[PDB]
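Working notes, beginning with the structure itself.
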Amino acid sequence: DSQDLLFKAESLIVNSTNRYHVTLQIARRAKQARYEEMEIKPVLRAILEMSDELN
Amino acid sequence: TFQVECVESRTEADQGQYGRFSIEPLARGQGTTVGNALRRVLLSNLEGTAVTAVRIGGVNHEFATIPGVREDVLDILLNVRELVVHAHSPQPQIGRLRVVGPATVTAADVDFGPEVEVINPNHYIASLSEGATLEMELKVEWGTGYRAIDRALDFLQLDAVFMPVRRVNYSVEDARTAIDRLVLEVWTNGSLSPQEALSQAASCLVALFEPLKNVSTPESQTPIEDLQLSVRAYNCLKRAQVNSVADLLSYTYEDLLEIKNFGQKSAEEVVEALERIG
Amino acid sequence: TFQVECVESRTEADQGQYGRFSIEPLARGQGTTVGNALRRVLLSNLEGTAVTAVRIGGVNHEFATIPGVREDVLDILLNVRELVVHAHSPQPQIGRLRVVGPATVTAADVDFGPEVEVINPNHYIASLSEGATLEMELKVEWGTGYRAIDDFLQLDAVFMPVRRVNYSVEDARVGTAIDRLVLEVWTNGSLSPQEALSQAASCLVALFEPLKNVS
Amino acid sequence: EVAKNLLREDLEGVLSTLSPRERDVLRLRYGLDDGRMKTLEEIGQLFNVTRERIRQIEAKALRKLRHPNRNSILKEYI
Amino acid sequence: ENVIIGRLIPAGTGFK
Amino acid sequence: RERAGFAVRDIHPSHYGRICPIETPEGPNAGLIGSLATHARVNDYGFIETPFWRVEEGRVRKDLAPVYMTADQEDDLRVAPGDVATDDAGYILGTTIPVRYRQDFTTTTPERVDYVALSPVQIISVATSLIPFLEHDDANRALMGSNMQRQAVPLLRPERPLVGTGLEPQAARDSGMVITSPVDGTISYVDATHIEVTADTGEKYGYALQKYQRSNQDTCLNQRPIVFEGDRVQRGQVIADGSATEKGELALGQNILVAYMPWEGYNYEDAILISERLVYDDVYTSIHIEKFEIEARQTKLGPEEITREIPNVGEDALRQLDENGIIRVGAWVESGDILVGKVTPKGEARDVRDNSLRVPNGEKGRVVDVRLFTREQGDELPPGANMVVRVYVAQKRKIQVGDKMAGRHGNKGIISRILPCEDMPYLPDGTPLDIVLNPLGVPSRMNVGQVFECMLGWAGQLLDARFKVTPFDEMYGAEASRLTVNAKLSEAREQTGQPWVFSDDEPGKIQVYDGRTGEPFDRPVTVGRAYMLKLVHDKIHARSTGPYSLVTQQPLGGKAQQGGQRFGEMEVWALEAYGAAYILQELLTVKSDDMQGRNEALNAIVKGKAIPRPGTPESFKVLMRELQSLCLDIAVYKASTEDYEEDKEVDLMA
Amino acid sequence: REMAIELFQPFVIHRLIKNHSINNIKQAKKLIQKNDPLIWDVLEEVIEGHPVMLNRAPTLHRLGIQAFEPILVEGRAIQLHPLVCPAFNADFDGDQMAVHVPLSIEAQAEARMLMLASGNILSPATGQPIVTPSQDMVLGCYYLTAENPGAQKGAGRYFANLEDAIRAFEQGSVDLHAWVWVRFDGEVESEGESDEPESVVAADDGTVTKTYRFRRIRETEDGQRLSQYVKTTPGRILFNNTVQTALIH
Amino acid sequence: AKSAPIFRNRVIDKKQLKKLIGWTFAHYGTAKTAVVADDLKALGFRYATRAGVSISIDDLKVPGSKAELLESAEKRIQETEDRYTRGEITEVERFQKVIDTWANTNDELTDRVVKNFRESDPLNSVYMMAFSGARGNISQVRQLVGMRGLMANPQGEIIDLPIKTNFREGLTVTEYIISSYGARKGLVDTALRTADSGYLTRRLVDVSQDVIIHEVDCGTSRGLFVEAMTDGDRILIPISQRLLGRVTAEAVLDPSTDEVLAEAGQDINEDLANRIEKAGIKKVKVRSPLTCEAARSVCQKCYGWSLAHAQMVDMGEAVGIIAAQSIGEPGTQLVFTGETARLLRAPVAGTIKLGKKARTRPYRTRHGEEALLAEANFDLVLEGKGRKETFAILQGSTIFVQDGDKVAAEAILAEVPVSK
Ligand SMILES: [Mg+2]
Ligand SMILES: [Zn+2]
């Protein structure tokens with residue numbers, strides 16, 4: 001849900017110590033995602049993946 | 001358990017109707033539930049009859065005038081749109097009006113069929129001067145609530161209002177255990193009596209809550225080995241991954257003919273075998 | 001012409017059941033009608049059983065203590081007002097508790113008749129220490145709705161089988177104005193939310209039936 | 001500008017269906033590469049066979065394209 | 001001046 | 001505007017009775033445009049005068065004629081306001097009287113008053129004189145209401161206010177749209193376009209009525225008759241009325257049932273929650289007529305022709321053309337529908353090009369007039385044109401979400417919800433309300449007069465009456481407005497017979513129930529009949545890609561040409577404070593003037609790829625060229641990488 | 001819908017080309033022009049998860065531009081959340097807003113991660129909250145949590161917990177502003193209280209029941225708490241229970 | 001998480017909601033704060049609708065003592081003007097007296113209005129919606145149910161005729177003109193203020209556009225001293241509000257013992273700011289952009305917190321733009337001696353025992369009366385019936401009562417100033 005994405009976003013903004021750096025990482029990840037998927041929306045999948053990787 | 005009685009019924013000058021009903025005994029707050037459900041249904045979900053379209057001979061849009069007619073087309077449309085009618089046939093009807101010379105055209109001058117009836121034969125429509133003819137054809141349809149134009153030639157559409165009930169009020173009184181007596185007052189436009197709008201609203205409610213009352217072959221499983229097909233036909237079907245009668249039933253005769261090395265005679269054999277199993 | 005579908009059902013540990021139903025397609029304005037009528041009937045017009053009075057051996061007033069029992073009379077009374085029971089007979093029943101010694105007195109210790117079922121068998125009632133005997137007599141009656149009061153201590157029983165009702169109305173527009181009713185029902189476990197919904201619908205149908213054929 | 005890049009691709013696709021020589025002939029007879037329409041004689045000299053041979057190739061290619069198959073999207077571009 | 005020319009501003013996500 | 005300052009835009013004491021202190025614009029024009037007061041006039045020298053009655057020995061001489069006086073004249077006299085109260089005949093009552101002496105406010109014995117103003121509304125203008133219970137309003141909200149009364153829209157069926165002020169019949173007779181009979185006789189011919197009255201003993205008078213014309217602001221200037229055939233008519237009696245008048249007097253709004261209470265957030269911060277009756281009862285619906293124009297010119301290639309032979313169009317889109325390429329009168333046109341078909345001789349038979357005129361996106365209605373003007377017909381066509389076709393399209397607009405509604409006392413709002421009448425709160429008789437207004441907006445804005453009108457309007461509806469209350473009505477009692485409203489409400493309660501109409505514990509409040517659940521609200525609320533107006537103006541705009549400017553290659557601005565929204569420098573600062581770098585860079589280059597990056601971005605979005613990096617926007621190159629054109633050798637350089645190399649000048653324009 | 005179908009036209013065209021049987025851009029454009037039903041479904045599945053930036057004309061501070069998620073609504077007006085009005089200094093009496101849509105993945109990521117409205121809680125100029133409820137929300141909360149001596153039907157009744165009190169109020173047994181007692185175990189902050197126990201009673205055991213003005217604590221002799229009853233209003237119970245449910249969930 | 005909410009058993013105005021939102025953000029995060037704000041919005045919208053809050057004409061309750069107060073004020077004014085007519089006082093003393101009279105009448109009426117609202121009907125809609133802080137003030141309830149007061153000319157001079165009516169009673173023609181003066185003044189002010197505010201913000205933005213955070217630490221030992229902002233006896237901004245987000249440049253110590261409260265280089269949160277305020281340090285040396293020696297900017301340690309996030313600033317944050325915007329945003333948001341003095345009235349009847357202790361020099365006050373001016377701070381001694389007087393004068397005070405007089409109940413005794 002939207003709330004879930006908002007919580008995962010907040011979760012990633014913390015523990016990163018740089019909102020800009022983590023926004024850049026999310027952008028890059030989502031770009032690669034869509035690129036290797038054209039072969040859900042990229043930024044969303046990127047955030048889901050990065051949240052699930054933070055354990 | 002309770003007894004619903006009609007206490008008063010009147011009829012206003014515009015042929016509208018008023019009806020008051022007493023319902024008792026309800027159970028300490030069931031009066032509000034019953035009354036508000038009735039009010040919501042009476043004001044919202046009752047089907048009525050209204051004039052949906054009109055064609056006035058000599059004009060083709062709403063911003064015109066007719067020589068000798070006191071009213072402009074838009075006022076005639078706004079008067080016909082408020083004309084109350086009650087239909088008996090569940091189809092649209094066409095009513096014809098033609099008035100000539102010095103006259104005050106009223107709803108009595110509209111001649112529908114024998115099915116549609118005009119509730120108020122005193123609704124004003126237009127004032128015609130000497131030598132002026134007003135010719136109209138109205139189309140009446142069934143519907144509910146307010147219907148907006150969706151934008152059959154030269155008929156001017158109207159934003160129809162199928163609202164047979166114009167005002168509903170209710171009050172729950174103490175009829176003393178504490179019991180409740182609901183008093184329900186209905187004003188309709190005369191299309192249907194207050195008792196028949198109350199009945200239709202109750203019917204709609206009963207049909208609404210009815211679904212919530214209690215809602216909350218061996219031959220086709222036969223393996224193809226029992227079909228006694230020829231070893232050739234059998235081996236071709238088995239090569240096609242057809243393992244059940246259901247699978248074979250998933251193929252048409254054409255799909256059967258497309259099977260590699262399956263011929264017409266083998267399809268006939270399969271049909272005969274299926275007939276052997278019915 | 002609509003279809004009611006239970007989207008979700010749960011049985012919380014406290015044996016309190018939950019359910020959510022989707023009812024659609026409804027005409028515009030009918031979602032509120034159905035939701036409000038169902039909510040009122042469920043929360044006010046369903047029959048249930050609750051402990052109406054209780055007698056405790058050794059006390060005579062609500063603000064009193066029992067030697068060796070951690071709680072006082074008031075805490076036990078409040079812990080018993082939320083005890084959930086379900087009776088199979090229209091006759092009032094009497095249950096008897098007589099736990100003794102070190103023990104945690106729960107709902108299972110109540111010796112109701114065969115006709116009374118305690119929904120939650122482990123419902124905290126009291127905690128007895130060494131050499132303590134809790135002698136209790138509970139009366140179960142049939143009633144509707146929360147009923148405050150003005151030998152046996154009179155209690156403000158909660159006859160409600162349904163604990164909480166919420167509803168929301170969405171828009172199932174395909175392409176007029178259609179509505180969709182989402183109804184959430186929390187029950188204390190004496191009835192499943194589908195049985196509570198069925199009984200509420202039965203009450204509404206019985207209310208609206210006589211208003212149809214005559215006036 | 002985006003209905004320009006899109007178009008060429010569609011045309012190129014239907015061109016692929018034609019025989020290599022045929023499509024080359026068409027591209028050169030309409031200047032799809034250079035914008036310049038070339039005659040018969042320039043392809044008569046540039047290509048292997050001479051004039052009056054390219055005309056036959058052009059007709060035998062168009063007749064292939066004129067069929068309802070292999071070319072029907074472009075019908076809407078008109 | 002990165003705004004006028006049209007470059008990533010040296011602040012925020014365009015810091016480095 | 002840049003030279004006018006604080007001093008010029010203020011109220012100078014000498015404005016008393018000559019320039020209204022309320023009615024002005026808001027914004028850069030505040031205090032620079034004013035309105036003449038009600039009784040003021042300009043003499044032959046050019047100075048504004050204002051009338052007074054003479055006072056002799058404390059007696060107001062209304063028998064003599066008003067003495068007009070200019071600002072300099074009334075500086076040595078002691079002038080009393082027009083709200084001073086006099087007894088039988090003329091003597092001034094009281095012991096102390098407010099006067100103005102030498103541009104100052106003082107108080108004197110009523111034997112030393114020289115002049116008295118003619119009326120209590122002598123100080124305000126005509127628009128501000130139409131606000132009942134004005135002395136219970138703040139001056140800022142009075143300004144808002146006076147300004148907004150002149151933006152109301154004539155409605156389909158107008159209706160007089162119930163709590164009018166008395167100047168309505170006079171505010172409508174000067175616009176020259178109301179027809180009154182000058183003759184004491186009988187009416188012999190009534191028609192939608194003609195009225196005729198035969199003098200009792202005399203000649204016939206005939207009047208022609210304007211029908212569905214168009215104003216400068218696209219509203220409708222209709223005119224309708226009031227009388228019937230064979231009717232006895234007296235001199236000075238209203239015969240026909242305008243688009244904003246009912247029977248003699250101004251009618252800009254409608255009287256609707258209002259309750260003051262909050263809804264479920266739909267009243268939040270000046271938003272308005274209304275009922276669905278205002279839509280299907282054709283209250284607050286209006287007619288708007290627009291004009292479209294097409295020009296046939298003569299190009300160097302050739303002339304332009306109006307014909308139905310439009311290229312790349314099928315016969316399914318030429319249904320309503322009049323076999324000359326022009327649409328027909330009475331046709332319903334939707335968006336993108338062709339109005340006039342035109343072909344231009346482009347240069348590159350299959351040569352004509354299509355530039356026929358079509359309805360703009362978001363416009364529909366009926367075609368009511370198609371006028372044609374050609375040089376042959378003896379018309380003054382433009383210098384290079386050969387045919388001017390004008391088409392008038394009319395439409396009926398209903399109240400809808402996003403429209404502005406207003407009252408006479410400065411209370412504006414935007415409609416945010418239109419509830420079905422079975423969801424709106426209702427009265428103890430079953431009547432659902434028409435509008436619910438937030439009371440949170442009343443006490444902080446001090447426009448209490450709206451709470452008086454409602455209540456008086458309520459009484460007026462119940463007593464089948466219309467009240468003419470004049471502003472500043474408290475010269476007669478201590479609290480005149482409240483006492484009159486309470487007495488009227490009590491009288492309505494006694495005449496109707498319903499006790500729930502008026503309550504003595506809470507005078508202005510009655511019980512209201514919830515239409516969704518049927519439960520009454522905890523406390524009674526204030527309900528009444530309020531006179532609300534629908535304001536003019538078509539503002540929704542959106543753009544993806546369209547026309548661009550000539551020099552900067554930036555998107556054009558304007559709704560009528562698919563214009564973009566400006567991203568000013570304050571928004572650039574806001575994006576810089578966020579740390580946004582990619583939103584800012586995409587906005588600044590790819591979406592405005594990166595002449596090559598726009599197409600690449602659009603193509604990437606359509607194809608589904610990633611948007612490539614931008615380049616140098618075109619405005620920067622334009623600026624560098626202009627600076628070079630100013631004899632400046634400004635250039636862009638790339639630094640040398642190794643040691644013994646020179647920095648290399650980079651060519652942007654490539 | 002009228003704005004959204006124009007702002008997101010390239011995305012709608014791309015999804016029509018890819019996920020449907022649309023051949024070329026011209027066919028998709030003509031389908032959009034004729035307002036096909038498929039257009040709205042495609043647009044609805046395109047704008048989800050796609051942040052959009054809203055700006056008010058005077059941008060005095062960085063909160064004048066905030067990112068939201070679009071929801072297709074029928075009308076000509078933009079529906080704005082009432083809690084962001086003070087940030088924009090916008091009221092619904094004719095104010096207008098400008099809508100921008102980021103295009104690149106980086107732009108959408110920045111809008112979602114930095115400019116999203118749900119993340120702008122504190123004022124960057126003072127550090128104070130800026131999304132606090134105001135106007136009708138404050139009035140409603142105040143009315144709910146106030147004290148009304150006039151209407152106190154059902155005062156003095158005891159309740160097992162907050163849910164029991166709320167259910168009792170919902171039925172109508174207890175008035176909104178009644179002074180009832182609820183068995184609440186936790187930290188309680190009551191204005192107008194007294195740190196000195198009003199009445200201390202030791203029963204026929206080692207248990208003392210100190211009765212404060214708004215509390216009744218049973219404590220074991222030289223021991224710990226056994227129960228706590230808070231004297232409160234069902235409106236305050238509703239408010240605190242709403243806060244607790246929001247935090248726990 | 002892990003922080004259980006407190007059961008707020010109290011009324012909830014806007015201040016309580018803001019405090020709760022701040023606490024929720026500090027303890028739970030920014031998305032639980034968003035959830036809580038949405039839930040509170042829903043609850044408030046629902047129960048502001050169930051209440052049926054409305055506005056009426058009788059809801060605007062004027063105290064019943066307004067008429068007698070105005071009569072007493074008018075009697076005093078008549079005495080003053082009769083004194084002026086007889087030559088006892090000059091014209092600027094008549095003017096001063098009538099201005100002070102109407103300013104005190106306005107203050108008394110405002111107090112009575114508030115008391116009447118809080119005593120008769122504490123659930124009045126106007127009182128409920130102004131006291132809770134939803135939509136309203138006290139200068140607006142004053143003009144709805146009290147008295148408008150003294151206004152000013154279009155030039156600035158105080159018109160000695162006050163407005164003695166509210167918007168409930170209705171102004172007169174003269175009061176409408178006097179009110180329209182100030183209404184237009186405010187309108188023109190707003191129209192002409194918007195351009196100046198925008199220009200100031202632009203200039204601020206350009207002065208400080210290059211202030212971006214580039215460094216982590218400049219390694220200094222300099223900073224300024226942060227202390228509360230006080231107007232002498234009263235404080236205006238407490239030290240805890242001024243110490244939030246800063247970074248200490250030296251370790252602070254409690255002034256009671258050797259307990260350290262912060263080391264060197266430590267950001268201060270709300271808890272530490274409150275602890276410092278509670279312990280009364282009164283001065284804290286902190287780092288600052290004023291004293292950081294970096295390369296044409298500030299560093300992360302000298303800046304401190306970013307107030308929108310309650311964390312140390314990130315790297316590469318344009319803090320200059322934020323500072324300019326913060327200063328410029330409230331840019332568009334930019335009667336005589338009343339309660340700025342203090343009359344001393346003795347509610348006792350007794351003889352005067354002033355004698356000749358304090359330095360009483362004869363003086364002619366701002367009104368036409370003559371009294372004694374005192375500069376020597378001396379404790380008033382007067383036979384206040386049963387027991388004596390312990391009243392304390394201030395330097396520059398003006399005493400009206402001299403020795404050998406009979407003071408009555410609530411008779412005017414002195415005037416004390418509070419701090420051509
Ligand atoms: Mg606004
Ligand atoms: Zn530093």
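Chain labels run A, B, ... following the order of the structure tokens; each chain numbers its residues from 1, and ligands are numbered from 1 in the order shown.
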To check your reading of the model: which residues sit at most 9 Å from ligand 2 when counting only C-alpha atoms and all ligand atoms? Write the answer as a PyMOL selection string.
chain H and resi 215-220+222+287-294+297-303
Residue subset to file, keeping C-alpha atoms, as a JSON list (two decimals), in the first residue's frame:
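result.json was written with the following content:
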[["chain", "number", "residue", "atom", "x", "y", "z"],
["H", 215, "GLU", "CA", 33.08, 20.87, 5.26],
["H", 216, "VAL", "CA", 32.54, 18.64, 8.28],
["H", 217, "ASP", "CA", 34.60, 20.62, 10.77],
["H", 218, "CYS", "CA", 36.78, 23.70, 10.53],
["H", 219, "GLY", "CA", 38.40, 22.86, 13.85],
["H", 220, "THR", "CA", 37.92, 26.02, 15.86],
["H", 222, "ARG", "CA", 35.20, 30.06, 18.88],
["H", 287, "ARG", "CA", 29.50, 27.15, 17.55],
["H", 288, "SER", "CA", 27.98, 29.33, 14.89],
["H", 289, "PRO", "CA", 28.20, 30.45, 11.27],
["H", 290, "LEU", "CA", 29.31, 33.78, 12.73],
["H", 291, "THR", "CA", 32.59, 32.36, 14.04],
["H", 292, "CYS", "CA", 33.43, 29.42, 11.79],
["H", 293, "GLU", "CA", 36.57, 29.86, 9.70],
["H", 294, "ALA", "CA", 35.90, 27.76, 6.62],
["H", 297, "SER", "CA", 30.98, 28.94, 3.80],
["H", 298, "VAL", "CA", 30.07, 27.28, 7.08],
["H", 299, "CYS", "CA", 30.85, 23.73, 8.14],
["H", 300, "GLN", "CA", 28.52, 21.05, 9.40],
["H", 301, "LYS", "CA", 29.61, 21.40, 13.02],
["H", 302, "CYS", "CA", 29.29, 25.19, 13.10],
["H", 303, "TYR", "CA", 25.85, 25.11, 11.48]]
Tell me as a PyMOL selection string which residues belonging to chain A come within 7 Å of chain E, counting only C-alpha atoms.
chain A and resi 20-21+24
What residues have any atom no more than 7 Å from ligand 1 when counting only C-alpha atoms and all ligand atoms, and can you list them as a PyMOL selection string?
chain G and resi 90-95
Just write the chosen residues, N, CA, C and O atoms, as a PDB file, in the first residue's frame.
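Result file result30.pdb:
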ATOM      1  N   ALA G  90      -2.823  28.751   1.677  1.00  0.00           N
ATOM      2  CA  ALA G  90      -3.892  28.685   0.695  1.00  0.00           C
ATOM      3  C   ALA G  90      -5.230  28.437   1.376  1.00  0.00           C
ATOM      4  O   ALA G  90      -5.328  27.623   2.298  1.00  0.00           O
ATOM      5  N   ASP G  91      -6.254  29.153   0.927  1.00  0.00           N
ATOM      6  CA  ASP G  91      -7.622  28.941   1.365  1.00  0.00           C
ATOM      7  C   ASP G  91      -8.495  28.762   0.134  1.00  0.00           C
ATOM      8  O   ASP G  91      -8.142  29.179  -0.969  1.00  0.00           O
ATOM      9  N   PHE G  92      -9.642  28.132   0.335  1.00  0.00           N
ATOM     10  CA  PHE G  92     -10.502  27.732  -0.770  1.00  0.00           C
ATOM     11  C   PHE G  92     -11.585  28.781  -1.011  1.00  0.00           C
ATOM     12  O   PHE G  92     -12.772  28.567  -0.788  1.00  0.00           O
ATOM     13  N   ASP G  93     -11.134  29.944  -1.476  1.00  0.00           N
ATOM     14  CA  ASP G  93     -12.015  31.039  -1.861  1.00  0.00           C
ATOM     15  C   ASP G  93     -11.601  31.621  -3.204  1.00  0.00           C
ATOM     16  O   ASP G  93     -11.792  32.809  -3.453  1.00  0.00           O
ATOM     17  N   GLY G  94     -11.013  30.808  -4.072  1.00  0.00           N
ATOM     18  CA  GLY G  94     -10.562  31.272  -5.368  1.00  0.00           C
ATOM     19  C   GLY G  94      -9.089  31.064  -5.628  1.00  0.00           C
ATOM     20  O   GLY G  94      -8.624  31.382  -6.730  1.00  0.00           O
ATOM     21  N   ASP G  95      -8.332  30.533  -4.673  1.00  0.00           N
ATOM     22  CA  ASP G  95      -6.912  30.310  -4.877  1.00  0.00           C
ATOM     23  C   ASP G  95      -6.696  29.263  -5.961  1.00  0.00           C
ATOM     24  O   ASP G  95      -7.528  28.382  -6.182  1.00  0.00           O
TER      25      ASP G  95
END
Within 7 Å of residue C:136, counting only C-alpha atoms, which residues show up once you throw out same-chain ones fewer than 5 positions away? Write them as an mmCIF file with N, CA and C atoms, in the first residue's frame, please.
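Everything below was put into result.cif:
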data_model
loop_
_atom_site.group_PDB
_atom_site.id
_atom_site.type_symbol
_atom_site.label_atom_id
_atom_site.label_comp_id
_atom_site.auth_asym_id
_atom_site.auth_seq_id
_atom_site.Cartn_x
_atom_site.Cartn_y
_atom_site.Cartn_z
ATOM 1 N N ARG C 55 -22.896 -12.960 43.157
ATOM 2 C CA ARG C 55 -22.814 -12.993 44.607
ATOM 3 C C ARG C 55 -21.488 -13.616 45.000
ATOM 4 N N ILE C 56 -20.772 -12.952 45.895
ATOM 5 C CA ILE C 56 -19.450 -13.378 46.324
ATOM 6 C C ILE C 56 -19.519 -13.644 47.817
ATOM 7 N N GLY C 57 -18.986 -14.783 48.239
ATOM 8 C CA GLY C 57 -19.006 -15.117 49.644
ATOM 9 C C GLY C 57 -17.914 -14.408 50.409
ATOM 10 N N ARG C 96 -21.430 -21.572 39.187
ATOM 11 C CA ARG C 96 -20.819 -21.561 40.508
ATOM 12 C C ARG C 96 -19.320 -21.768 40.402
ATOM 13 N N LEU C 97 -18.555 -20.865 41.006
ATOM 14 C CA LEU C 97 -17.111 -20.989 41.091
ATOM 15 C C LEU C 97 -16.736 -21.262 42.541
ATOM 16 N N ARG C 98 -15.747 -22.125 42.753
ATOM 17 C CA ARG C 98 -15.253 -22.373 44.103
ATOM 18 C C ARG C 98 -13.778 -22.770 44.087
#
Kindly provide, as a ChimeraX atom specification, the residues of chain F having any atom no farther than 12 Å from an atom of chain D, counting only C-alpha atoms.
/F:311-313,350,596,598-607
Would you pick out the contacts of residue G:145 at 10 Å or less, using only C-alpha atoms, so that residues sharing its chain but fewer than 6 positions from it are not included, and give the list as a ChimeraX atom specification?
/G:139,176-177,232-240 /H:8-13
Please produce a file of the residues just selected, as a short mmCIF file (atom, residue, chain, number, x, y, z; two decimals), in the first residue's frame, where the atoms kept are N, CA, C and O atoms.
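Wrote selection.cif, looks like this:
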data_model
loop_
_atom_site.label_atom_id
_atom_site.label_comp_id
_atom_site.auth_asym_id
_atom_site.auth_seq_id
_atom_site.Cartn_x
_atom_site.Cartn_y
_atom_site.Cartn_z
N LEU G 139 -11.42 22.78 16.62
CA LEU G 139 -12.70 22.99 17.28
C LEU G 139 -13.36 21.66 17.63
O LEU G 139 -13.90 21.50 18.73
N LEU G 176 -21.50 12.26 26.14
CA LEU G 176 -20.17 12.52 25.61
C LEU G 176 -19.26 13.14 26.65
O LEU G 176 -18.07 12.82 26.71
N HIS G 177 -19.79 14.05 27.47
CA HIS G 177 -19.00 14.79 28.44
C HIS G 177 -19.24 14.32 29.87
O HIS G 177 -19.02 15.08 30.82
N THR G 232 -12.36 10.33 33.85
CA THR G 232 -12.28 11.06 32.60
C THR G 232 -13.64 11.06 31.93
O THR G 232 -14.60 10.47 32.43
N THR G 233 -13.71 11.71 30.80
CA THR G 233 -14.78 11.96 29.85
C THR G 233 -14.66 11.01 28.67
O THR G 233 -13.55 10.79 28.17
N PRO G 234 -15.75 10.40 28.21
CA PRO G 234 -15.63 9.48 27.07
C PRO G 234 -15.08 10.14 25.83
O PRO G 234 -14.54 9.45 24.96
N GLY G 235 -15.21 11.46 25.70
CA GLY G 235 -14.56 12.16 24.61
C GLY G 235 -13.04 12.12 24.72
O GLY G 235 -12.35 11.89 23.73
N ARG G 236 -12.51 12.36 25.92
CA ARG G 236 -11.07 12.22 26.13
C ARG G 236 -10.62 10.79 25.91
O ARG G 236 -9.53 10.55 25.39
N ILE G 237 -11.43 9.82 26.32
CA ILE G 237 -11.11 8.43 26.06
C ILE G 237 -11.02 8.19 24.56
O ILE G 237 -10.10 7.54 24.07
N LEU G 238 -11.97 8.74 23.80
CA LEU G 238 -11.95 8.59 22.35
C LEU G 238 -10.71 9.23 21.74
O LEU G 238 -10.06 8.63 20.88
N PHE G 239 -10.36 10.43 22.19
CA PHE G 239 -9.17 11.11 21.67
C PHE G 239 -7.90 10.32 21.94
O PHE G 239 -7.10 10.05 21.03
N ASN G 240 -7.69 9.92 23.20
CA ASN G 240 -6.47 9.20 23.54
C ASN G 240 -6.43 7.84 22.87
O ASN G 240 -5.36 7.39 22.44
N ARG H 8 -3.68 11.88 27.92
CA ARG H 8 -3.90 13.30 28.13
C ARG H 8 -5.32 13.47 28.63
O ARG H 8 -6.28 13.44 27.85
N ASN H 9 -5.46 13.62 29.93
CA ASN H 9 -6.77 13.78 30.57
C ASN H 9 -7.01 15.27 30.80
O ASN H 9 -7.03 15.76 31.93
N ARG H 10 -7.20 15.98 29.70
CA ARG H 10 -7.32 17.42 29.73
C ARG H 10 -7.99 17.89 28.44
O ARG H 10 -8.23 17.10 27.53
N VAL H 11 -8.30 19.18 28.40
CA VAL H 11 -8.85 19.77 27.18
C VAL H 11 -7.72 19.91 26.16
O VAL H 11 -6.55 20.05 26.51
N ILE H 12 -8.09 19.89 24.89
CA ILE H 12 -7.13 19.84 23.79
C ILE H 12 -7.37 21.04 22.89
O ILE H 12 -8.29 21.03 22.07
N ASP H 13 -6.56 22.07 23.05
CA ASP H 13 -6.57 23.21 22.15
C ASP H 13 -5.50 23.01 21.08
O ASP H 13 -4.97 21.91 20.90
#
Do you know which residues are at most 7 Å from residue A:51 counting only C-alpha atoms, after dropping those on the same chain fewer than 3 positions away, and could you put them as a ChimeraX atom specification?
/A:8,12,47-48,54
